[PDB]
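# Survey of secondary and tertiary structure
Listed here are the chains, written in short residue letters.
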There are 6 protein chains.
Amino acid sequence: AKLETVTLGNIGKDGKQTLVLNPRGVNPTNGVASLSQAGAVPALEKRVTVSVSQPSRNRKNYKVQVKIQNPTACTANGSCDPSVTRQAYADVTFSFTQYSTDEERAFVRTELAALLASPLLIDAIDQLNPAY
Amino acid sequence: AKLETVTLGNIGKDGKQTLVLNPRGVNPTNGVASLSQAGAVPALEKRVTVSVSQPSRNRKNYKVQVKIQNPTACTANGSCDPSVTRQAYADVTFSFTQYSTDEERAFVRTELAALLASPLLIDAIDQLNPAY
Amino acid sequence: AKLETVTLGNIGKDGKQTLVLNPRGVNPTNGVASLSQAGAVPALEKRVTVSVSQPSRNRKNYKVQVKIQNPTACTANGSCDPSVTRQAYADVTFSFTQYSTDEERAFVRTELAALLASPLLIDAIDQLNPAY
Amino acid sequence: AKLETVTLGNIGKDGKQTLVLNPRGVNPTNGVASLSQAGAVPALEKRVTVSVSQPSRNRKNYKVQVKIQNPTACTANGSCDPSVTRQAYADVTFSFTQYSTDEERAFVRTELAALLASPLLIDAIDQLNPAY
Amino acid sequence: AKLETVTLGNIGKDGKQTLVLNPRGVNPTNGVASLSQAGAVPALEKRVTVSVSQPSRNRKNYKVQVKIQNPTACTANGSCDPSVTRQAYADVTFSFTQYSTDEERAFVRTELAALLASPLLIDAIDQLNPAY
Amino acid sequence: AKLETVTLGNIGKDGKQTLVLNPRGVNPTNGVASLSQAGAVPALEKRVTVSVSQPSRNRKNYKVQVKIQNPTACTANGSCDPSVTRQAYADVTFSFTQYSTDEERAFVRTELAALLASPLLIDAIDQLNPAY
């Protein structure tokens, strides 16, 4: 990565749609890669922001982070320009020790993806169901 | 949503192992369940903690958080007690408003699992190679 | 050079529209051509300007500058007049040394037109879209 | 955007030559596209680069900046080695609002290509004729 | 000249060792490419960094610079965590004239590799002193 | 590490070139050994020089300075005093601790020569740096 385009498929409530984010680029103060929705509305686009520490000494207990932004907008009466009335977010971090291996980093990655995909969280999030 | 066990299949570097979590120690203060490997001490070491959000009050929105902790164990000779260091962690959160819908929630979480499975994050996590 | 109505055919993302900017004149304040389309208010909005800077005592080489003004307008309320909320524009400079010739002057114009036609700028402008 | 070799054909005084600008890696410290006549000595090299940026601190619009350079050298100017004697450049900046469509952004891009081909600029640029 | 996996071989004291370097991408902090071995395993740092410099307005220095970091660790008896006691380094810089060509630049690089492998430089640091 | 004439071959971008440098003795004030060209004018000679030591009170550790100087000149802007013209230059610094082993030093020398011989750097010093 090296990614010219990022496509997430099998998404949405029924697991049937796709989202294409194109890289905008990498931010040269932050060292942060940034993707956003391929649709032509810069004002109102889905975004993914990605960072990994060098690691530097104070970032040796390194972070890998992805920020997810999904605004929802509509057009107000009397305004040709649409705007966001609600926003949805997610924020995921790893890892953090310098002595972790790719295998452990992956377990955390997948013990996560496999949980996000599990009914516990599907209903705890989609219907705001307390666990009991 | 329910304090049922979770089978996290298809996990690890190649997506081929399984870990099973069993919820316990739910703290009524905040409705947060500790999901962990069932049995002995590893049950205390390898765990995922899951909160469930509820709308409004603080404020006109809500937040969901899951904490992942996977410690590395070893022990001194003659010790009565093993210990863990070089611990792997992750944190995933979600944020939505009080008027949010199920469809926008589904995209934020369904993307996220698809996003974790994307080379974007596989490289950012497994190698620590950000998409540069 | 001498002004005449400039008709720009085959324009817009689909290459189907035509813009017609009449040779209103040249502003003697600064030697700037004024080309516009057509109405009492719209001609003050849809505009192209042109000027030439000759080599000079300020130890300057020569250049040609072209400005593109493409504002649009939206809604109106009880105050009744419409207004511009958005504007697309460009500032186009052609820079040459004092001994530069016609061939070089022509290459810069045509290379740019070829580049504007090329996918690199189709995507830089229609999409996000910085390199990568 | 994505880089690939661009062949800027139908260029120059008679509209008959081609520049073949091969992709160069994109340096993240600015995210600038770089295509060039790579067989050239770097002090000569004919090159096209594109800089694209999003709104940020002190910046409200989206911008695309295009730089075209064509230095020309004398192969052996009383020497054995080439030395640049002539230079010619394009420096074009485009600017768009965040809420904007591709159709609209494209008009400024396409209008310029159509404009570059106009008799007004053929004379304003190739003969360096002032407006009149 | 591009991000790629680099495999070395026929290296080491007996000339029989191999090494594979997995890229980290290009770091926006300074626009510099880097690659490391596993790269997840060498928690104690095994790295190669490659510049990527530009013929800047204030320098015209588009040099190639490669930095090599090779630590050696000691295990503190019954330790769960090994640590570096020695660090070896190498730093190679290639300085160029702006009118230089590929064969000129290659003469120096190929000359250097041929020299590093020569008995004179091998003896000076394998066992001895400044040459005599 | 006695200086003796060093003959290099299989050098240049195509690996088709030789170079012979003869000992000129050693600079006694800094231990900088030198291999000279067989010509009459030092200004235009290709040469290689070397010195290795651990300073008594700038220590740190042991470092070696390996330097390549390749001046170029031509008689057209000559023939008298055909000055430089395409100067090429490179060097290597290596450093080791007092405990570095014999194989450690060998490893680093060979790792570097193997990298210099790698396609990554073969192309980096030529027409394109690994900006991406």
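Residues numbered from 1 in each chain as written, not as in the entry; some residues may be left out. Chains lettered and ligands numbered in written order. Part of a larger assembly, values for the part shown. Heavy atoms only, no water.

Its PDB record attributes the structure to cryo-EM, giving the resolution as 6.2 Å.

## What to know about the environment of D:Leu21
What counts, and what does not: Secondary structure is summarised from DSSP: a helix means a run of H or I of at least four residues, a strand means a run of E of at least two, and numbering begins at the N terminus for each. Whether two residues are in contact is decided by their heavy atoms, any of which lying within 4.5 Å being enough.
As for its placement among the helices and strands, D:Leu21 is situated in strand β2 (residues 17-23). Each residue touching D:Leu21, except ones within four places of it in the same chain, is listed here: D:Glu4, D:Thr5, D:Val6, D:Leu8, D:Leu35, D:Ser36, D:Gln37, D:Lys46 and D:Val48.

## As for the sheet that holds strand β2 (residues 19-27) of chain F
Cut-off, in case you're wondering: Two strands are counted as paired when DSSP detects at least two bridges linking them. To get an axis, a line is fitted to the C-alpha atoms, and for a helix only the part in contact is used. The angle between two axes follows their N-to-C directions and goes from 0 to 180 degrees.
Strand order across the open sheet formed by twelve strands is β1(E)-β2(E)-β3(E)-β4(E)-β5(E)-β6(E)-β6(F)-β5(F)-β4(F)-β3(F)-β2(F)-β1(F), with antiparallel pairing between neighbours. Both outer strands of the open sheet, β1 (6-11) of chain E together with β1 (6-8) of chain F, are each paired with one neighbouring strand and no more. Ignoring which end each strand starts from, the neighbouring axes of this sheet average 20° apart. Sheet topology note: the strand β4 (residues 47-53) of chain F/strand β5 (residues 62-70) of chain F ladder contains seven bridges and is antiparallel. Pairing of F:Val50 across the sheet is with F:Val66, part of β5(F). Seen against the sheet, helix α2 (residues 119-126) of chain E touches β1, β3 (32-36), β4, β5 and β6 (88-96) of chain F and runs at an angle of roughly 10° to β4(F).

## Side note on the relation of the copies chain C and chain D
Worth spelling out the cut-off: Here the copies share a common frame obtained from a least-squares superposition of their C-alpha atoms.
Least-squares fitting of chain C to chain D yields an RMSD of 1.7 Å, with the superposition described by an axial translation of 0.2 Å and a rotation of 180°. Interpreted geometrically, this transformation is the action of a two-fold axis. Comparing interface residues between copies, 93% of those in chain C also sit at the interface in chain D, which points to an isologous, same-surface contact.

## So, the pattern of salt bridges
Residues and elements named next belong to chain A. For clarity, the cut-off: Salt bridge, as used here, is a side-chain nitrogen of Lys or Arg placed within 4 Å of a carboxyl oxygen of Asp or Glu. To sort residues, take the accessible area from a 1.4 Å probe on protein chains only and compare it with the maximum for the residue type: under 20% means buried, over 50% means exposed, and anything in between is partly exposed.
Overall, the coordinates contain 28 salt bridges over all chains when judged by the stated rule. Of the charged contacts in the structure, one is a salt bridge between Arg24 and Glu45, with a shortest N-O distance of 2.9 Å. A residue pair is termed long-range when its members are at least 10 positions apart, and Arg24 in strand β2 (residues 17-27) and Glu45 in the loop between β3 (32-37) and β4 (47-52) qualify at 21 residues. As far as the burial class goes, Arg24 and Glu45 line up, both buried.

## Notes on the interface of chain C and chain D
Test applied: Buried area adds together the accessible area that both of two parts lose upon being put together, with accessible area traced by a 1.4 Å probe. Following the grouping adopted for this structure description, the nonpolar residues are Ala, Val, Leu, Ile, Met, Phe, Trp, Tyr, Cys and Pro, the charged ones are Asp, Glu, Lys and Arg, and the polar ones are all others, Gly among them.
Counting residues at the interface gives 69 residues for chain C and 72 residues for chain D. A buried area of about 6600 Å², summed over both sides, lies between chain C and chain D, and 67% of it is on carbon and sulfur atoms. Linking chain C with chain D are four salt bridges. Note that C:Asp102 is salt-bridged to D:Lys13, the shortest N-O span being 2.8 Å. At the level of elements, β1 (6-11), β2 (17-27), β3 (32-36), β4 (47-53), β5 (62-73), β6 (84-96), α1 (102-117) and α2 (119-126) of chain C are the ones that each hand at least two residues to the side of chain C that touches chain D. Residues belonging to the side of chain C that touches chain D are distributed by class as follows: 41 nonpolar, 16 polar and twelve charged. The pairing of β6(C) with strand β8 (residues 88-96) of chain D spans eight bridges and is antiparallel. Note on β8(D): the bridge partner recorded for C:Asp91 is D:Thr93.

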